There are 2 protein chains.
Amino acid sequence: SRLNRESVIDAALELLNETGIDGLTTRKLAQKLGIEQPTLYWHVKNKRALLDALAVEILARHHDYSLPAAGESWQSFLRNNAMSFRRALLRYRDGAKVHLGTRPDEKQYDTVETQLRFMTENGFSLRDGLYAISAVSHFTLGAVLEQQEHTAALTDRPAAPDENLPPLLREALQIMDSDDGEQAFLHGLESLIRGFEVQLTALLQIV
Amino acid sequence: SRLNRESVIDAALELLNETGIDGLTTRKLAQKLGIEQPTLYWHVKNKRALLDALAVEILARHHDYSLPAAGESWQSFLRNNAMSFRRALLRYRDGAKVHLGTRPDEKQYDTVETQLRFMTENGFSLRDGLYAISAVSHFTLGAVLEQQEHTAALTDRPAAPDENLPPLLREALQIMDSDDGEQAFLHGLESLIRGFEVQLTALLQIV
Ligand SMILES: CN(C)[C@@H]1C(O)=C(C(N)=O)C(=O)[C@@]2(O)C(O)=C3C(=O)c4c(O)ccc(Cl)c4[C@@](C)(O)[C@H]3C[C@@H]12
Ligand SMILES: CN(C)[C@@H]1C(O)=C(C(N)=O)C(=O)[C@@]2(O)C(O)=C3C(=O)c4c(O)ccc(Cl)c4[C@@](C)(O)[C@H]3C[C@@H]12
Ligand SMILES: [Cl-]
Ligand SMILES: [Cl-]
Ligand SMILES: [Cl-]
Ligand SMILES: [Cl-]
Ligand SMILES: [Cl-]
Ligand SMILES: [Cl-]
Ligand code: NI
Ligand code: NI
């Protein structure tokens, strides 16, 4: 196989879809690529370095809404950015777990600087803007992680007795399982944005 | 060692603090307890069953604010409940990762039924109430997971060059690292609650 960076990342992503993050080993990546391990080591020093790389590439390839359009409202940008982030995390098995614990890579520096600058231009202090942005990121990841781990653990876990369930919980579980979490996610996103908006527009009023 | 359920859970929790969730094996739990594996197997069939159990016990022991006080506002309850959930998740190394993908256990059924009933009593439809509650849970877990995995991965990961950082990102990173994520978390929580409140009070107005 070719072993440029781009090839290795392709094979690692496919492998991730087949095995999830705990099955994503250096030994299995070597087998997928048709090489011995010492050969892989020249290219990929360890699991951490691979995962860091994957975290960036997943967004570089599938996170299309990383920047505000010309004249777009801050509220609209957060909306579009959260939905793009969610789609990119959901594209790969354990995608959100691959993101977790990263911080912006050099390759994302200008992107992430512009996001923060754009909030300050719309009235936010840096710290308030950052808190808004972070809250969107946290909420989005928590929702995707719950969905994805729920899915992967509902194989190991046997049944769920619809018999001794109390009535609202029974109904809540039907609701929750009726889609991919998308509606719950979108409803929450709107709440979060409006909340911010109240905060910003208050200024020094007690609110 | 004694091998009642409570003992096994104690030793598993200590082990979790020492090794994190990926180091929490059946073989190491046997060593900690001074027994052979076949002995442990009689008591604990697999890693999944152990983790499910841990997820419940962590909350049973440290999540004190699971129910509304007498006459407490819905907004106040969500606030107190989110802060209690966060504290309980943060008490153990990888605690939030141990929660992830679970769903309410029989032992929590009445607790979780009362939470949902209490929201419907305050004006929420069941589905709106559930969405609010879920958004709090998701946001809380995302914040705790980012904190905790950031911490555990900032050992494997070498430095972060304060040199070529753009100015707002440099400052945002100083801000973020200034505490445990608590302030960012609390600020976001308030936004989320106010958002809900706008939604509820709108009824059928366009809002
Ligand atoms: C999902 N969205 C809000 C953000 C986004 O669109 C990103 C992107 N590359 O386009 C991010 O890197 C983000 O998805 C992302 O991952 C960010 C993030 O990790 C982060 C951390 O950990 C620490 C400090 C900062 Cl300043 C950031 C931060 C704010 O830049 C966020 C940005 C989000
Ligand atoms: C953090 N807090 C909001 C909740 C809470 O206090 C719980 C608790 N046992 O006291 C939960 O189990 C929760 O922390 C928790 O874990 C819940 C949760 O997993 C969940 C899932 O997965 C599916 C359906 C339902 Cl109806 C629930 C659910 C709403 O009951 C939540 C409740 C939250
Ligand atoms: Cl080739
Ligand atoms: Cl090559
Ligand atoms: Cl500029
Ligand atoms: Cl003993
Ligand atoms: Cl015993
Ligand atoms: Cl009742
Ligand atoms: Ni991130
Ligand atoms: Ni849960």
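Each ligand, and each atom within it, is numbered from 1 in the order the structure gives. Proteins get letters first, then strands, A, B, ... in listed order; numbering begins at 1 in each. These values consider heavy atoms only, across backbone and side chains, with no hydrogens, waters or symmetry-generated copies.
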### Task
Evaluate salt bridge (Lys or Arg N to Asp or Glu O under 4.0 Å) for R5(B) paired with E57(B), printing each intermediate quantity in order.
CA-CA 11 Å; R5(B) 165 167 215 285; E57(B) 283 292 305; 3.8 Å; yes
### Task
Assess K45(B) against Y41(B): is NZ or CZ under 6.0 Å from the centre of the six-membered ring, and within 45 degrees of the ring's axis?
yes
Can you pull every nitrogen or oxygen pair between ligand 1 and the protein closer than 3.5 angstrom?
| residue | atom | partner | partner atom | Å |
| --- | --- | --- | --- | --- |
| ligand 1 | 2 (N) | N81(A) | OD1 | 2.6 |
| ligand 1 | 6 (O) | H63(A) | NE2 | 2.8 |
| ligand 1 | 6 (O) | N81(A) | OD1 | 3.3 |
| ligand 1 | 6 (O) | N81(A) | ND2 | 2.7 |
| ligand 1 | 6 (O) | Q115(A) | NE2 | 3.0 |
| ligand 1 | 10 (O) | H63(A) | NE2 | 3.2 |
| ligand 1 | 10 (O) | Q115(A) | NE2 | 3.3 |
| ligand 1 | 16 (O) | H99(A) | NE2 | 2.8 |

### Task
Check each of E197(A), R194(A), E190(A) against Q75(A) using the side chain to side chain donor-acceptor pair (under 3.5 Å) test, and report the only one that passes.
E197(A)
### Task
Kindly assign one of parallel, tilted or perpendicular to the pair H63(A) and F85(A), based on the angle between their ring planes and the thresholds 30° and 60°.
tilted
#### Entry: Partners passing side chain to side chain contact (heavy atoms under 4.5 Å, CB included) against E14(A) (at least two apart in sequence or in another chain)
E18(A), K32(A)
### Message
With side chain to side chain contact (heavy atoms under 4.5 Å, CB included) as the criterion, how do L13(B) and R61(B) come out once you've worked through the C-alpha distance, each side chain's angles and the decisive distance to 0.1 Å?
### Response
CA-CA 12 Å; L13(B) 258 16; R61(B) 287 175 195 201; 3.5 Å; yes
### Task
Any pair with a residue in residues 151-172 of chain B that passes side chain to side chain donor-acceptor pair (under 3.5 Å), sequence neighbours left out, goes on the list, sorted by first then second residue, please.
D52(A)-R157(B)
### Message
Using a strict threshold of under 4.0 Å (side-chain N to carboxylate O), is an ion pair present between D180(B) and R86(B)?
### Response
yes
### Message
Short of 2.8 Å from the Ni ion (ligand 9), name each protein N/O/S atom, waters not counted.
### Response
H99(A) NE2
### Query
Any ion pair linking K97(B) and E149(B) (charged N to carboxylate O, less than 4.0 Å)?
yes
